[PDB]
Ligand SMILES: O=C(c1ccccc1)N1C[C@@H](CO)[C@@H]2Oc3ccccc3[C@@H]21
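Below, in structure tokens: the form deposited without this ligand, a single chain.
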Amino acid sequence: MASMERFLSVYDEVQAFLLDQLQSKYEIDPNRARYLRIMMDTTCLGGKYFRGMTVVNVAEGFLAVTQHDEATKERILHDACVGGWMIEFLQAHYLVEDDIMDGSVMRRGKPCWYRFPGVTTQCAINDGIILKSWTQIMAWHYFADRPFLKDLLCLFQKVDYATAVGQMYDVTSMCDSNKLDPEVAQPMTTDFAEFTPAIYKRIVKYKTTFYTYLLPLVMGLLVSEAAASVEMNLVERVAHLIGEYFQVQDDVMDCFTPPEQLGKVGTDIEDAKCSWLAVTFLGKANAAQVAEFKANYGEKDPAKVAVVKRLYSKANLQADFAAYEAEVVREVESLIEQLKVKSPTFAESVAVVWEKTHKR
């Protein structure tokens, strides 16, 4: 059975379990069950399932080199699929809430969930809460007897917390740290002294890399009972590295990829986000360019945004990106080599993860 075919089949099974449980144990009525079914499909489906499929792919790699009864192979693949859906539903939670938090309009060519006419923000915040609650329902049901349940739940929590801390770093990245204060309305930075590579890397590490790369890789190891085949410090280093490159690509696409391709109108400039483009531009601009950036960044005015986009183009950030990518390619390959020491199979899975990231 092909990997994606199995993964999608498990979605239907998990969805049926969750909705049937809501009827048998939570007194749900059929119309609310239908609401939640539509909410699940709308928020969890339609992507490429890269995070969930990484769990499956890691587990398949170990299956090829480990002796098991057929029923055990099937159990491991089913576990990897459920775990992959835990990650996809966790991402769904983040995307629903982030879209509300940022006042976003579109995601993947369709309206953000909170903007659907019969949803609204009042329901959508709670729908997002439910999406994350469903990840825990999945784990306690499907993994109740598994030796890895404890380690999996502990990992999932730590990843979730790191991601929420990362969201805090992201939403406050255009403030001056010394001015943060619940009592005082927050002005945008004027000096941009905190738009540095180290601060950018901290934002991205926490807001993206734990749930997009560390979680799927480690969950694949856990459902495979293979965490001893790897040096965990190496898995963390390579996950944070690939994850940062993934976010840098996203940052570049927000500015330069056409809306129809992006599936949304990017507003990192109007939102004054600490993007890779802003940080890298400031790391090479002269005094006049810095001043013109300061006069235009973080404003909704289309003329001011266009000015920022000119400044980026004229700064030849394409060359900086090729240099960054060359260094990431160098460093990921080095970490993969270190991973072959204890597991050529896992190192090959990481290699596949990197190719899928690098090509898109």
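For every residue, the number given is its place in the sequence shown, counted from 1.
Although not depicted, the form solved in complex with this ligand is the subject of the following passage.
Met138 falls outside the set of residues with a heavy atom inside 4.5 Å of this ligand in the bound PDB entry. Although the partner is absent here, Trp134 lies well away from this ligand in the bound PDB entry, with no heavy atom inside 4.5 Å. Under a 4.5 angstroms non-hydrogen atom cutoff, this ligand in the bound PDB entry lacks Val223 among its neighbouring residues. Taking non-hydrogen atoms only, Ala295 never approaches this ligand to within 4.5 angstroms in the bound PDB entry. Within 4.5 angstroms of this ligand in the bound PDB entry, the stretch 267 to 292 places a non-hydrogen atom from each of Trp276, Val279, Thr280, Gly283, taken in sequence order.
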